[PDB]
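A short write-up of the structure that comes next.
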Amino acid sequence: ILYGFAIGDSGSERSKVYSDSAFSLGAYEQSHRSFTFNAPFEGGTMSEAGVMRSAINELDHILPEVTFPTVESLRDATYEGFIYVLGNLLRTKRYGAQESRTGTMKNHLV
RNA sequence: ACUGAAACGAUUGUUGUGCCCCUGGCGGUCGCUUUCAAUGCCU
């Protein structure tokens with residue numbers, strides 16, 4: 001009911017939680033760094049049976065102080081609907097790819 | 001029904017493996033513990 005559903009003829013409901021795409025306060029050149037990764041054989045080596053694995057690449061990451069100013073907006077909610085959604089804003093803490101390994105963010109309500 | 005309603009490019013992954021700040025090197029060379037002295041005075 002708060003974030004919505006669409007089955008088809010069997011029902012749909014519009015999201016009451018409105019939101020926008022958030023932007024870094026500073027520039028990309030100031031707000032990222034690129035980190036190499038590799039994946040060797042368990043025997044500790046990029047070589048197995050005398051042949052090299054192709055498993056190396058760079059990946060791009062946002063930095064540990066970058067701020068994303070955000071307005072999230074909730075239409076026509078009950079009091080408990082506001083506590084559920086405000087709950088999600090304070091209770092969830094990981095975003096983006098590779099959340100098993102990265103991507104913690106602190107949602108400071110202002 | 002805003003070309004509409006809901007909408008994670010995601011999952012997993014070690015910049016890794018080996019490596020002697022190494023080799024050679026006289027704290028060395030010269031240098032007087034020196035210079036002067038009554039076992040003395042009387043029996």
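Going through the structure tokens in order, the chains are called A, B, and so on, while each chain numbers its residues from 1 and the ligands are numbered from 1 in the order shown.
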
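Taking only stretch 42-84 of chain A, the residues that DSSP calls helix (DSSP H, G or I) from the backbone come to residues 79, 80, 81, 82, 83 and 84 of chain A.
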
Once you count only C-alpha atoms (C1' of nucleotides), which residues of chain A turn out to be within 7 Å of chain B? Could you give them as a PyMOL selection string?
-> chain A and resi 4-6+12-14+36-40+45-46+96

In Å, how far is it from atom CA of residue A:25 to atom CA of residue A:63?
-> 12.4 Å

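Of the residues in chain A, those given strand (DSSP E) by DSSP on the backbone are residues 5, 6, 7, 8, 11, 12, 13, 17, 18, 32, 33, 34, 35, 36, 37, 38, 47, 48, 51, 52, 56, 57, 58, 59, 60, 61, 62, 73 and 74 of chain A.
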
Distance of atom CA of residue A:17 from atom CA of residue A:67, expressed in Å to one decimal place | 21.6 Å

Just give me the gap between atom CA of residue A:70 and atom CA of residue A:18 in Å, one decimal is fine.
-> 11.5 Å

Skip residue A:27 itself and residues of its chain fewer than 4 positions away, then list as a PyMOL selection string all residues within 12 Å of it, counting only C-alpha atoms (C1' of nucleotides).
-> chain A and resi 23+31-32+62-63+66-68
